[PDB]
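Next up is one chain by itself, shown in structure tokens, the form deposited in one PDB entry.
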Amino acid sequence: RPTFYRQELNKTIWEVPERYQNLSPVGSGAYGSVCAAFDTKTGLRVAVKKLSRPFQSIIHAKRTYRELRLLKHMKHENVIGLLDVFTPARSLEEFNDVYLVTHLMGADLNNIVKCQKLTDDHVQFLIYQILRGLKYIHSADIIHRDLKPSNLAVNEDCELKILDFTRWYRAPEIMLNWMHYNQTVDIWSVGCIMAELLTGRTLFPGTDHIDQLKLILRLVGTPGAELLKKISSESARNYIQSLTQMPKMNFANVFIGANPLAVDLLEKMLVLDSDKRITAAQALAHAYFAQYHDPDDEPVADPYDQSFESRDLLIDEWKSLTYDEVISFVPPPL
């Protein structure tokens, strides 16, 4: 076992191995506190996240287990992965805190889009990396569900990683509460992200769920006959069909000046009918990315056992299962 040292950083206390030095808080939220640190063993700057109230309830306990299982499974250049996971606890009884460690990512796409106006070549590279990580994630039967600029970490090399796998980036089927949305919800988010990088403006800055939908339908037009035929909720259908019908706009006109290849990709990404959205694997082959697309270098993920998501367990079982995952963690080769 390693040796730990203790310090209070912004109200929260931190107990971590000596190997992690010069802890410096980077931001907080409902997820937990994150500190930047220097890792003496590897020589790398790392981010250390302390989970907040990881076993407060069954929801929190399952969530803590899900995140650890999820992060332990991601080994991909464009997805946040685990360098280390630890707890100061020596036994299961005293297990109450979980610490996650990954390569420090200095910025996100919000501090890059609002602070600049991306050139078409930088858009190609950034979006290509997103789709490359999304192919890997989707190959594991995982849906991100919450893709947005602040969930895409970027460093100075413009290397990008997905993390955390009104919402201006949410697919309309979710705005409408369709219970069977598929992985193409993530593609819709990518489309909204790409559009923002090209124009510097939020594509759909809705103020609520209703306003969000009107903004979407203003651009992509109201659902056609084939799409309405797939809506079971009578309420949702009645609403939709009762709106002042609107036509699909010419994307080449909305995104005037942009690269015609980028516009064609947006049209295939921002399709209302989810059965017809381009998939991540298909987008990677789109001509827009011809400069970066390497089919032998866009790998898929090993199988991911999600059977736990339907289990109804007590807090101590979720806690014990999490402890099992901390103890059994094997770091990645240096």
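Residue numbers here begin at 1 and follow the sequence given. The term rigid core refers to the most C-alpha atoms you can superpose between the two forms while keeping them within 1.5 Å.
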{"property": "Gap at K114 across at least one third of the other PDB entries", "result": "yes"}
{"property": "Sequence continuity check, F165 and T166 (deposited residues unmodelled)", "result": "10 or more"}
{"property": "Residue stretch of maximal mean CA temperature factor, 237 to 245 vs 252 to 260", "result": "237 to 245"}
{"property": "Segment of higher mean CA temperature factor, 228 to 236 or 101 to 109", "result": "228 to 236"}
{"property": "Maximum C-alpha temperature factor, selected from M269, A47, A280, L44", "result": "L44"}
{"property": "Highest-ranked of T40, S274, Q306, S57 once sorted by CA temperature factor in the record", "result": "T40"}
{"property": "B-factor third for the C-alpha atom of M179 within its chain", "result": "highest"}
{"property": "Ranked C-alpha temperature factor of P299 among modelled chain residues, by third", "result": "lowest"}
{"property": "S320 - Cα temperature factor, lowest/middle/highest third of chain", "result": "middle"}
{"property": "Entry-reported Cα temperature factor of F204, expressed as the chain third it lands in", "result": "lowest"}
{"property": "Within-chain third of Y31 by Cα B-factor, per the entry", "result": "highest"}
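Keep in mind that the form deposited in another entry is missing from the display, and what follows is about it.
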item	value
Option from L176, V263, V220, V123 moving between this form and the one not shown, CA shift at or above 2 Å, rigid core reference	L176
C-alpha of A89 off by 2 Å or more between this form and the one not shown on rigid core	yes
Core-superposed C-alpha of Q56 shifting 2 Å or more between this form and the one not shown	yes
Core-aligned C-alpha movement of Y31 between this form and the one not shown, 2 Å or more	yes
Inter-Cα distance between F38 and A30 in the other form, nearer or further [3 Å or more]	closer
Cα-Cα shift for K117 and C192, closer or farther in the other form, minimum 3 Å	farther
